[PDB]
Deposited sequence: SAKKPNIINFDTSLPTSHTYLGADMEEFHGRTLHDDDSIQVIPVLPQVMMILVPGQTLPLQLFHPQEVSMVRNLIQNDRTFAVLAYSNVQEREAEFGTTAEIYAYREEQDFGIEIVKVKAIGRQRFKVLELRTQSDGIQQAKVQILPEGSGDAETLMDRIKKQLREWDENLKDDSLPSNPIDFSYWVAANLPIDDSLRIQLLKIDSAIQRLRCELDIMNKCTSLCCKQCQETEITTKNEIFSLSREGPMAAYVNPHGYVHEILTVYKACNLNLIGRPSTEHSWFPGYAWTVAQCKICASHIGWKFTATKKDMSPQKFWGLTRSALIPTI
């Protein structure tokens, strides 16, 4: 099944689901707290799960559930210098309250809503909400067919499809930001097709020499998409692109299934042979009656396109 990765079941069903809808207006200037450790570009309709281990973060996120459940996800240009000029609001839609070592913990799931331009050290961003072609759709929903025949799994609005594509393409974060800056769906669908056009193989960040896999190997195991944010037990948020065949990847260890992001499967660290840096995880179903038996979930972070 493909709902289950989207469920972040590894975290826990726990308690608390918020079916409210909180949506601002066009050219509206808001004030939205920034969560200090999130460094991931987010996109309307893109899910984000978090484990907040730190008391101040665990206070703001608690006082959010009381207010609008909505915070700001910055689209950092430099990141090492909190440089950003766009972002997307996040609205919390699940929740949890744990305790481990007398540390109060908080597990949340959020979802992108609205983009915006960027106008007690919590840090609060004043933002201008930004405002919201079947031809191009076809020509994308096709060349997606030629990458994973599986691609029912795709949205129908020109405005939602364009974000699906923005979240699921293996592109430079530079390109992700370019796509968020676009103020039109048609225009956003036209940059996408021109990006899938000039795509190629993905070399590892560190040596920039060994191809590790290609666009053609990509395949979806989740309804939300081949690409997805999953969080480890640390609290670190990983961006995981699933594929069928990755070349030049040794394996370290012996399979495990604690905290597996995909129910039913087991993971094992993989390692670039060229510089030995950890590239992601190879997977292996826990039962001989599941398909595909073995796939890879690589990290975006480790992969520099050719």
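For this chain, the deposited residues without C-alpha positions form the stretches 1-10, 130-135, 149-152, 172-173, 329, given in sequence order.
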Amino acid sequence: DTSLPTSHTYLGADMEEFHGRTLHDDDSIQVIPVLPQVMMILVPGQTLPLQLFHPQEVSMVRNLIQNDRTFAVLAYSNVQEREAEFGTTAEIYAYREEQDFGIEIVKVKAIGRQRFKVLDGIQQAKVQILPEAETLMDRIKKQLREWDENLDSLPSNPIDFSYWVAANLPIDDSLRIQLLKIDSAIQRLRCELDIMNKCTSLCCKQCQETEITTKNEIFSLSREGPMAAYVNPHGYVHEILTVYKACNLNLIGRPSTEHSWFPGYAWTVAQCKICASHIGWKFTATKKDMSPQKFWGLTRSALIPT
From here on, numbers count along this sequence of modelled residues.
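Only the largest set of C-alpha atoms that superpose within 1.5 Å between the two forms is called the rigid core.
Relative to the shown model and aligned on the rigid core, the C-alphas in 5 other deposited structures of this protein deviate most, among 120-128 and 162-170, for 120-128. Of 96-104 and 133-141, the stretch whose C-alpha atoms sit farther from the shown form in 5 other deposited structures of this protein, after fitting on the rigid core, is 96-104. In the comparison with other entries of the same protein, residue 150 is left without coordinates in at least one third of those covering both sides of it. Higher mean CA temperature factor, per the PDB entry, when comparing 96-104 with 190-198: 96-104. A summary of the deposited B-factors shows that, of 295-303 and 4-12, the stretch with the larger mean C-alpha value is 4-12.
Take 127, 110, 151, 73 and read off each C-alpha B-factor from the entry; 151 has the highest. Highest C-alpha temperature factor among 45, 253, 280, 33, as the PDB entry reports it: 253. Remark: residue 275 belongs to the highest third of its chain, ranked by C-alpha B-factor as recorded. In the PDB entry, residue 77 places in the middle third of its chain by CA B-factor. In the deposited entry, the Cα temperature factor of residue 168 sits in the bottom third of values across the chain's modelled residues. Among the modelled residues of its chain, residue 266 has a C-alpha B-factor that falls in the middle third according to the deposited record. The entry lists a Cα temperature factor for residue 209 that places it in the highest third of the chain's modelled residues.
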